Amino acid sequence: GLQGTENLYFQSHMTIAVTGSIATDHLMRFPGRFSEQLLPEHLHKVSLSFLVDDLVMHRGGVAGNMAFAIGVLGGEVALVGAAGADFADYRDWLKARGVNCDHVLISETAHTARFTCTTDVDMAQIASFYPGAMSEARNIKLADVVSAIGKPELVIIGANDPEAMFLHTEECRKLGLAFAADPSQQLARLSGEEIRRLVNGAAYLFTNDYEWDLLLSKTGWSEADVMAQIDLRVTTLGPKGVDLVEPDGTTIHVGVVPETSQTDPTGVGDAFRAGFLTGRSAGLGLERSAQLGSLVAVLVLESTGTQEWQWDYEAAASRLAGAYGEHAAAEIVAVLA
């Protein structure tokens, strides 16, 4: 009754655009411990052959995961990445949860990227990633996306074809789009200069604490050097929670939702980021948004695959209330409706 129809519709098009990998995750379980059974002698002429007792294929890719979670939580999200012609079923899966997939580049030749991962009983991982169609993400122009769906409220620059990451970030700077620097695995692979090129001007920087130290080491930046380039640092601390740090040093710390199981750590970070950014878009403060992100992250930790979790108001509210109090759980549920 009190909504301005014109202005509400005007803003409805301001989506989150998620750029990053789109993949199939081929996940296997090793019924042992890599750290214990592997010995230093096995690394000098490497020949490893693990017997695995489980194998499942699931939808994945950092951008696929984040878009799935934003869509499931009710946000407005567009998936912007490269995949192969095999993508049809994945497309239907994402569209059924509200994800705009019109601007997924479909390669004429290459298959969708593949993440192959063997996880042991202690959640340690030995994995390989095949880019396939992901390399063609460097041919996506965010200008065309904007022309089609309008200026997004935020562009997430997740792990992707590296050249696509640099081009997307620079196009955000040029078009005045707010972006979240979420380089994740590429922090292990890029040079300090390249990383600096991904961070400058970011509305958000997302890393975990290890990745934060890695970024500082490789870039040669101090923390103050980074905070001069970004509006907010979000650093996940695993079971120790998450820090949200403004440029003036103001820090908000949020604890985690305790897990009922540690099934598979794949996609936990993606899910935290998706939940946090959905909460922020929905009007929640930094602390409440991080609390939502922590819930989604633990739901991914407790399931095999990255998009196999389920959203249930009653269970979500109960776990949020247990971790953060009934008032916080109520505010979170109130914005998600």
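So that there is no doubt, residue numbering starts at 1 and follows the sequence shown. For clarity, a rigid core is taken as the largest C-alpha set superposing within 1.5 Å between two forms.
The stretch that moves more in 5 other deposited structures of this protein, judged by CA deviation after a rigid core superposition and choosing between 242-250 and 117-125, is 117-125.
Between stretches 185-193 and 149-157, the one whose Cα atoms sit farther from the displayed model in 5 other deposited structures of this protein on average is 185-193 (core-aligned, root mean square). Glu308, present in the displayed chain, carries coordinates in each of the other PDB entries compared that cover both sides of it, far from a third leaving it out. When the other compared entries with both flanking residues are checked, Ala67 is modelled in all of them, not unmodelled in a third. Averaged over their C-alpha atoms, the temperature factors of 120-128 and 186-194 are higher for 186-194. Judged by mean Cα B factor in the deposited record, 312-320 ranks above the other of 312-320 and 20-28. Of the residues listed, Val155, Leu216, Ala159, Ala83, the entry assigns the biggest Cα temperature factor to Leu216. Ranked by Cα temperature factor within the chain, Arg273 sits in the lowest third according to the deposited record. Per the PDB record, residue ranking by Cα B-factor puts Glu41 in the highest third of the chain.
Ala113: CA B factor in the lowest third of modelled residues in this chain (values from the PDB entry). When all modelled residues of the chain are sorted by CA temperature factor, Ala330 is found within the lowest third. Sorting the modelled residues of the chain by their CA temperature factor places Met134 in the lowest third.
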